[PDB]
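**Student:** To start, I am sharing the structure in question, which I have written as structure tokens.
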Amino acid sequence: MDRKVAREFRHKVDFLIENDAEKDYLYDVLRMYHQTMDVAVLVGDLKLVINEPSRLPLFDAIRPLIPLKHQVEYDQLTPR
């Protein structure tokens, strides 16, 4: 069974980001977030790069990939 969001994720990131280097930055954060398992560091870096309010919507696709319980905490950490 696929995830579905995966497809939309690629399209979203590409549309919002549109950059090659930027895309690698996000992919790197996730790749490390898996082994590191640190939501604190993830949100931090994601902010420095996705700080642009225009990129905020990107967080939507980020949740799906992120663990369930992690999603809840993701919102608890990410302010507004």
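**Student:** Can you list residue pairs whose Cβ atoms sit under 7 Å apart, with the first residue in the stretch 39-60 being under 15 Å from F15 (Cβ atoms) and the second being charged (D, E, K, R)? Count only pairs 6 or more apart in sequence or on different chains.
**Tutor:** These pairs meet every condition: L58/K12.
**Student:** Mind counting the residues in the stretch 7-24 that are closer than 17 Å to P57 by Cβ and in a helix (DSSP H, G or I)?
**Tutor:** The first filter runs over the stretch 7-24 and keeps only residues closer than 17 Å to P57 by Cβ, leaving 7-19, 22-23.
Checking which are in a helix (DSSP H, G or I) leaves us with 7-16, 22-23.
Residues flagged as closer than 17 Å to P57 by Cβ and in a helix (DSSP H, G or I) within the stretch 7-24 amount to 12.
**Student:** Could I ask something else about it? Look through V72, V13, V29 and report the one residue that is exposed (fewer than 15 other Cβ atoms within 10 Å of the Cβ) and β-branched (V, I, T). Give the steps one after another, and end with the answer.
**Tutor:** Working: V13 fails: exposed (fewer than 15 other Cβ atoms within 10 Å of the Cβ); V29 fails: exposed (fewer than 15 other Cβ atoms within 10 Å of the Cβ).
From the options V72, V13, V29, the qualifying one is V72.
Because the Cβ atoms are built from the backbone with ideal geometry, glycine has one as well, and the counts that use them run over all protein chains shown. Read-outs: derived from the displayed coordinates by stated rules, not from any lab.
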